[PDB]
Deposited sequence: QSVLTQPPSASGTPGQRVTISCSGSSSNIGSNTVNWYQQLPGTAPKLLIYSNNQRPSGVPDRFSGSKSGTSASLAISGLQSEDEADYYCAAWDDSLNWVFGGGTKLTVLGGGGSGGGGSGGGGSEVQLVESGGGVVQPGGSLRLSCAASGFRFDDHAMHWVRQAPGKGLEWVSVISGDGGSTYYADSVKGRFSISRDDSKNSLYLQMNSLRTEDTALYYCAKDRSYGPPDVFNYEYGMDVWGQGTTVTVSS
């Protein structure tokens, strides 16, 4: 589990650091990622490899990792920086862990479309689909991330570029099944025996890395995010 401060504040022009504490099996052993989620939008990859920055990210964001801890520096706060920032890493227990999120408050083309959500009774079934366009589908790994209404991000499953290695979260182990079809550029997720805790907003994320995060533990990162689908488990 990654520990983040619950909140953070800063006036425009200042710099604010967001801390992230982890264990020796997730941070230090592997690399750390940072994600920004504006209210009502999908998360955005800000930092990978603990210090690297994608092309469409301003120079105001810088990453640092010292031992088993990491931090995110945002120099020159703007009104557009008010969002939720998450700390992500790969744990040696074969699961992706998020930091819970830190809410920052200031004082003063590749596309992924998802479908298959709906309302089901507790214990039913549902299959989500994700169509990919604009990139080589077999060269990038795919992730599934769900987010409860008004809560943090939670990783569900991942499948490698060749579809050989698949990992699932402990909460959905034995109930969810992930699969990909390179011939039609589709990502599937079979959900069986749903609980009330499975009510969330499921995201379809593209990884910049090909192999699973346990092999390429130094470059993984959810680069492209799609518009999620709402599932509801209600009686």
(request) Counting from 1 along the deposited sequence, give me every gap where there's no C-alpha, start to finish. (result) 1-2, 111-124
